[PDB]
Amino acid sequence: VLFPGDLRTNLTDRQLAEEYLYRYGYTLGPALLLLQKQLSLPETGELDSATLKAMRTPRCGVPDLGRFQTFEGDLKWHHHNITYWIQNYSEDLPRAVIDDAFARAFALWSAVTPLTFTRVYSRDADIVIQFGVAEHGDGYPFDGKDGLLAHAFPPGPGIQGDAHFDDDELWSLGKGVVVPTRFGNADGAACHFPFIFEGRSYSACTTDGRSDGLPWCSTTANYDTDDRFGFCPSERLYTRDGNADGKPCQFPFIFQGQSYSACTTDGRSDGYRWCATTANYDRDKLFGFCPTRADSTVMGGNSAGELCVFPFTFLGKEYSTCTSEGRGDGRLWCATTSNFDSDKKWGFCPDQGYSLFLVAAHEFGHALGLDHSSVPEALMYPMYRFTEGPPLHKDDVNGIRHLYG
């Protein structure tokens, strides 16, 4: 029926083209014609449906023509060992997955050149890596969800060689929120969203098929045929850090003489959720931090930030997984209370997100001196499109090789 707080203000075709052609350095037919060449679209010189479809797809924020500013130097590194510093992390992913995605993105390039990359921990690095949100320190602000996904600067001193990723995007490995599991039979392997269990398709973790309320997930596309799974982040299964050694929270638990039935911040200013791992913290003084559940935290709607509540009632019916019921755009949402028919509290469920790996490899191409390829399947192509294979293409290789070795 109706979804309040769902805002539709996405720009019209003309405003979009005007901004896009301005932002990526093209500035209408002459400009459009250039854009179609850069992207290898039919060169019609008209704002056609293929051109609009492209302006509407997520891409890199680095201009296709022109540069961000005047840059110092010949824009090619002149020492082979390049240093990089990861100054901050996105919370959408396990810090280790982030470290690894970047390491792998760098490896695609050290592979076909004499360069090598070594992780460092100071602003000293040749390449400083950072997650930022809108205005983030350099005068080239990001645009909120889905516009440009990131950007980087050519080789050089200062901000040059740096790479920035827009944390308004859901960062992942491109196939749904990255959720490493605990205790399944899957060795800690990550959840495979979407997964099939007893029929149904799940795009998040569920507690159904269980009675203990532990959210789990298949680690393959079909659990029914594979029997491989693991448990998702839950304070009912484990806790992190603290002194409880990982033991699950116990509800309820006494603290400051007060009885809690959920994690809490009382006693902290850093909004971190924690809980006692025994029925009484004052007596036993054992506690741990409640892990965060990214697979089912909604975006947008009138409850951004909150968790899907399953099952939830929609049109008298019961839903136990994210749904697209009630929508014509097929997108997934969930209610953030058990009854949506009365509460109307909802949000959109996490999507595939953007591969931190692919985007980083693309941006590192810039931090090394490369520009945009006009070859659709090449890594240095401007637009984002998720693919499973190795991403360096012949064109990327010819380009990085023209600069190094």
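In this text, residue numbers run from 1 along the sequence as written.
Undergrad: Please count the deposited residues lying between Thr27 and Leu28 that the model leaves without coordinates, and give the class: none, 1 to 3, 4 to 9, or 10 or more.
TA: Missing residues, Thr27 to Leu28: 10 or more.
Undergrad: Regarding 332-340 and 375-383, which shows the higher C-alpha temperature factor on average in the entry?
TA: Averaged over C-alpha atoms, the B-factors run higher in 332-340.
Undergrad: Pick between 238-246 and 219-227: the one whose mean CA B-factor in the entry is higher.
TA: According to the entry, 219-227 carries the higher average C-alpha B-factor.
Undergrad: Among the candidates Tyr319, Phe117, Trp109, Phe165, give the one with the maximum CA B-factor reported in the record.
TA: Across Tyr319, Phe117, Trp109, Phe165, the entry lists the biggest C-alpha B-factor for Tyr319.
Undergrad: Tell me which of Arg95, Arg104, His80, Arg273 tops the list for C-alpha B factor in the record.
TA: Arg273 has the highest C-alpha B-factor of those listed.
Undergrad: Of the three thirds of its chain by CA temperature factor, lowest, middle or highest, which one includes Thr181?
TA: According to the entry, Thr181 has a C-alpha B-factor in the chain's middle third.
Undergrad: Ranking every modelled residue in this chain by its Cα temperature factor as given in the entry, which third contains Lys76?
TA: Answer is middle: the recorded C-alpha B-factor places it there.
Undergrad: If you rank every modelled residue in this chain by C-alpha B factor, which third holds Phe193: lowest, middle or highest?
TA: Within its chain, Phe193 is a highest-third residue by C-alpha B-factor, going by the deposited values.
Undergrad: Using the temperature factors of the C-alpha atoms in this entry, rank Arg56 within its chain: lowest, middle or highest third.
TA: Its C-alpha B-factor, which the entry lists for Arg56, ranks in the lowest third among residues of this chain.
Undergrad: By the recorded C-alpha temperature factor, relative to the other modelled residues in its chain, which third is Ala304 in?
TA: It falls in the top third of the chain.
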